[PDB]
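Position 1 is the first residue of the sequence; numbering continues from there.
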Amino acid sequence: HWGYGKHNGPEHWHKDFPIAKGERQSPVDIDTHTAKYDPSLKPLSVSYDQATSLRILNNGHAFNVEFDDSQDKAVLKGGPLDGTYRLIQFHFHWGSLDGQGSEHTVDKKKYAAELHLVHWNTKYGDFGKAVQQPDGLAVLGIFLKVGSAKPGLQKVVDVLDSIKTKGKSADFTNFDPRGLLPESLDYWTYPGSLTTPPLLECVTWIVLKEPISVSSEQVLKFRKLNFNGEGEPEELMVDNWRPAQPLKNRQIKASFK
Ligand SMILES: [Zn+2]
């Protein structure tokens with residue numbers, strides 16, 4: 001019964017998921033002075049023009065915007081990756097206040113939120129098989145700061161009322177995830193894990209340097225979601241982020257100087 005409260009939050013997760021204290025856990029602090037530029041990293045290739053969104057779901061921990069991943073329609077390639085990784089869903093982590101909410105931090109700076117575009121390695125055939133492999137997933141992480149509105153996020157904001165509580169879903173077709181990207185694709189990369197149980201160590205992380213800006217009103221609407229199901233005492237869906245984990249024997253690489 002893991003979650004983000006005092007009694008079931010990230011300091012507890014190790015009791016059901018011992019990998020929580022593992023060698024390549026996520027998120028991490030990105031120390032920008034110690035990350036090394038790696039001139040051998042290729043530019044990233046984000047091919048989302050044929051992306052087919054289907055549905056949006058409140059899963060009790062976050063909301064997921066789900067995609068049709070039965071063919072190579074929206075893929076991530078290049079960068080640190082070998083092969084082709086298919087988009088399956090995106091979600092966010094965010095805070096109760098603008099001073100916190102992101103999972104990765106940059107020189108200990110916390111952003112208001114963090115977007116995760118989750119992709120799986122097509123060499124493993126499906127998502128469930130991919131998460132059992134050390135190179136099974138590529139997660140594109142994008143920070144959110146509060147400032148100007150993000151026009152391409154507003155369709156997401158406007159559907160959240162219809163999925164307020166755990167287990168609720170809604171049709172969510174024709175959403176274009178290109179409208180969530182910053183201008184630059186400069187990134188940091190490192191090997192890590194899912195940041196929620198089961199905390200599997202199967203992720204190549206690709207964290208963009210450039211945040212996107214969202215409005216105060218936009219993030220206030222994320223904070224009206226609920227962790228509870230319908231007809232349960234209201235617990236607002238806020239601070240659904242895991243804090244930074246020990247880097248251990250890992251090097252964070254930069255794509256840029
Ligand atoms: Zn996430």
Side-chain angles (χ1 to χ4, degrees), residues 26-49 51 62 64-65 67 74-81 84-95 98 100-121 137-153 156 175-195 203-215 218-219 222 241-242 244-245 247 250-257:
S26 298
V28 302
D29 184 55
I30 298 166
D31 191 285
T32 61
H33 292 109
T34 60
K36 197 184 154 82
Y37 168 65
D38 180 352
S40 81
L41 288 166
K42 307 181 210 319
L44 207 51
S45 175
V46 180
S47 297
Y48 292 167
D49 60 285
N64 284 356
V65 173
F67 288 82
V75 302
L76 179 71
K77 285 158 33 71
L81 303 172
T84 288
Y85 291 68
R86 251 186 227 167
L87 181 65
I88 174 169
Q89 55 107 323
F90 68 81
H91 64 274
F92 303 84
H93 305 264
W94 61 88
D98 298 344
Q100 64 191 46
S102 69
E103 290 211 308
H104 293 86
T105 57
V106 178
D107 297 332
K108 304 291 176 85
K109 171 186 179 62
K110 292 176 169 85
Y111 288 86
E114 182 176 333
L115 165 63
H116 288 166
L117 295 133
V118 180
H119 310 76
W120 56 269
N121 194 331
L137 294 194
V139 189
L140 177 67
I142 297 177
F143 292 121
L144 280 61
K145 63 191 179 85
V146 171
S148 308
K150 191 74 168 176
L153 181 57
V156 172
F175 179 79
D176 191 335
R178 294 180 296 183
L180 299 176
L181 300 174
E183 291 185 355
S184 179
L185 300 181
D186 292 341
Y187 64 87
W188 301 279
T189 183
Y190 76 97
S193 73
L194 308 182
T195 68
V203 180
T204 301
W205 280 92
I206 299 168
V207 178
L208 294 188
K209 181 174 174 184
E210 184 184 336
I212 60 166
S213 285
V214 299
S215 72
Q218 284 183 323
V219 67
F222 283 20
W241 50 274
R242 188 189 193 192
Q245 299 306 304
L247 191 57
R250 296 172 287 176
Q251 260 161 356
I252 298 181
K253 299 305 211 197
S255 77
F256 61 90
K257 295 214 73 207

Quiz prompt | Verdict with supporting geometry, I252 and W205, side chain to side chain contact (heavy atoms under 4.5 Å, CB included) | solution = CA-CA 10 Å; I252 298 181; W205 280 92; over 6 Å; no

Quick check: closest heavy atoms across [X] and [Y], and the distance to 0.1 Å?
X	Y	answer
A51	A74	CB-CB, 3.7 Å
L180	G152	CD2-O, 3.8 Å
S255	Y37	O-CE1, 3.6 Å
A138	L81	CB-CD2, 3.7 Å
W241	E103	CA-OE2, 3.4 Å
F256	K209	CZ-CD, 3.3 Å

Practice problem: For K150, enumerate each residue passing the side chain to side chain contact (heavy atoms under 4.5 Å, CB included) test, keeping only those at least two apart in sequence or located in another chain. | Solution: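 Only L153, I212, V214, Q218 meet the side chain to side chain contact (heavy atoms under 4.5 Å, CB included) criterion with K150.
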
Quick one, [X] and [Y] - any side-chain contact, counting heavy atoms below 4.5 Å?
X	Y	result
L117	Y48	yes
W94	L144	no
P177	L87	yes
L247	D29	no

Exercise. Please check if the distance between the ring centroids of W188 and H104 is under 6.0 Å.
Key: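 No.
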
Quiz item: Would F175 and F90 count as a close aromatic pair, with their ring centres under 6.0 Å?
Solution: yes

Roughly how far apart are [X] [atom1] and [Y] [atom2], rounded to 0.5 Å?
X	Y	atom1	atom2	value
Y190	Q251	OH	CD	14.5 Å
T84	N121	OG1	CG	8.0 Å
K253	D38	NZ	CG	5.5 Å
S102	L115	OG	CG	12.0 Å
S26	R250	OG	CZ	5.5 Å

Self-check item: Residue of the set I142, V207, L41, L140 for which side chain to side chain contact (heavy atoms under 4.5 Å, CB included) holds with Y187
Solution: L41

Quiz item: Of the options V46, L76, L137, which is the one that meets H119 in a side chain to side chain contact (heavy atoms under 4.5 Å, CB included)?
Solution: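 It is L76; the other options fail the test.
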
Practice problem: May I ask you to decide if the ring planes of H91 and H116 are parallel, tilted or perpendicular, using 30° and 60° as cut-offs? | Solution: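 Correct class here is perpendicular.
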
Quiz item: Looking only at side chains, do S213 and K145 share a donor and an acceptor under 3.5 Å apart?
Solution: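 A pair is found: one side chain offers a donor N or O, the other an acceptor, under 3.5 Å apart.
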
Quiz item: Does atom CD of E210 have more than 12 heavy-atom neighbours from other groups under 6.0 Å away?
Solution: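 Yes - once you tally the heavy atoms of other residues, nucleotides and ligands closer than 6.0 Å, there are more than 12.
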
Exercise. Any chance you could lay out the side chain to side chain contact (heavy atoms under 4.5 Å, CB included) test for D107 and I30, step after step, and finish with the verdict?
Key: CA-CA 6 Å; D107 297 332; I30 298 166; over 6 Å; no

